[PDB]
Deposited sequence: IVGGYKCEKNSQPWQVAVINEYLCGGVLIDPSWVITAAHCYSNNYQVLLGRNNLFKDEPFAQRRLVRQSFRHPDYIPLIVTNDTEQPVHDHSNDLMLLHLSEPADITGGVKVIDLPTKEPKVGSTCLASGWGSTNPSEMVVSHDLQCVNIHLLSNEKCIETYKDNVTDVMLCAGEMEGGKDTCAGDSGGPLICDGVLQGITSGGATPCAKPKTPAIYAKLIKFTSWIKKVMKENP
């Protein structure tokens, strides 16, 4: 998170850290499921829950293993790779404890409004040009912008599955390491951060997020088949 602030202690209880050869964010949607970006795909993972500081002895800290991962079918890995359908479900080895620090967040049930105020969190890069892992969870308030503002949305019909957010002025963005974290507008979880390569927070260059609302059906069905 470039241009944000330190989130208040345990104010984002559904935020997880997904770790393998990549740092990613994740979001707890069920004691047993974590949604993240497909970009974070790997043979293994370590899921960190209930944390503020990634490198600290914290009380609600939990660590889970993954049993199985499900990348959205239409994601094309880095055939030309794009950031549409950048979604992956992680089925936890054993459920997360729902504590005063670890809680689930709900899937959205309504379409996001252009101009609504959104918050994004992560331990990703706080420097827009180079990668500086942040120990503390960072939070930033941005805006839901018209998809017209995001150049990526003009491809095929990807507009359909993407949200566009940030500030036209730059200075505030999600960045490398933030992929897979949440985008919460007006209190709703509406997006999943996609790939955030440096440089970030460029003026007139808002970022791409998975329009969650469009994948709940897929999310639903998967969890259903994986009791």
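- Where C-alpha coordinates are absent, the deposited sequence of this PDB chain has only the segment 79-86.
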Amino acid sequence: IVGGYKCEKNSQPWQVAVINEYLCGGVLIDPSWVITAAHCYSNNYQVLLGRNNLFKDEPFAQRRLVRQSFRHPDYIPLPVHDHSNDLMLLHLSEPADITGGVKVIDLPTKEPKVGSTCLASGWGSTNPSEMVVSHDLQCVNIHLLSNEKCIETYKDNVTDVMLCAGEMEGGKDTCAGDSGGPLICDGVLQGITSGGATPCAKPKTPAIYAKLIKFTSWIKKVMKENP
From here on, numbers count along this sequence of modelled residues.
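- Of the two stretches examined, 106-114 and 93-101, the record assigns the greater average C-alpha temperature factor to 106-114.
- Taking the PDB entry as given, 199-207 carries the higher mean Cα B factor of the two stretches 199-207 and 14-22.
- Within the group 119, 150, 144, 80, the record's highest C-alpha temperature factor is found at 80.
- Annotation for 157, 125, 138, 85: 157 ranks highest, by Cα B-factor.
- Residue 41: CA B factor lies in the middle third for its chain, per the PDB record.
- For residue 31, the recorded CA temperature factor ranks within the middle third of the chain's modelled residues.
- Placement of the Cα temperature factor of residue 58 within the chain: highest third of the modelled residues, per the deposited record.
- When the CA B factors of the chain's modelled residues are split into thirds, the value for residue 184 lands in the lowest one.
- In the PDB entry, a CA B factor belonging to the lowest third of its chain's modelled residues is recorded for residue 190.
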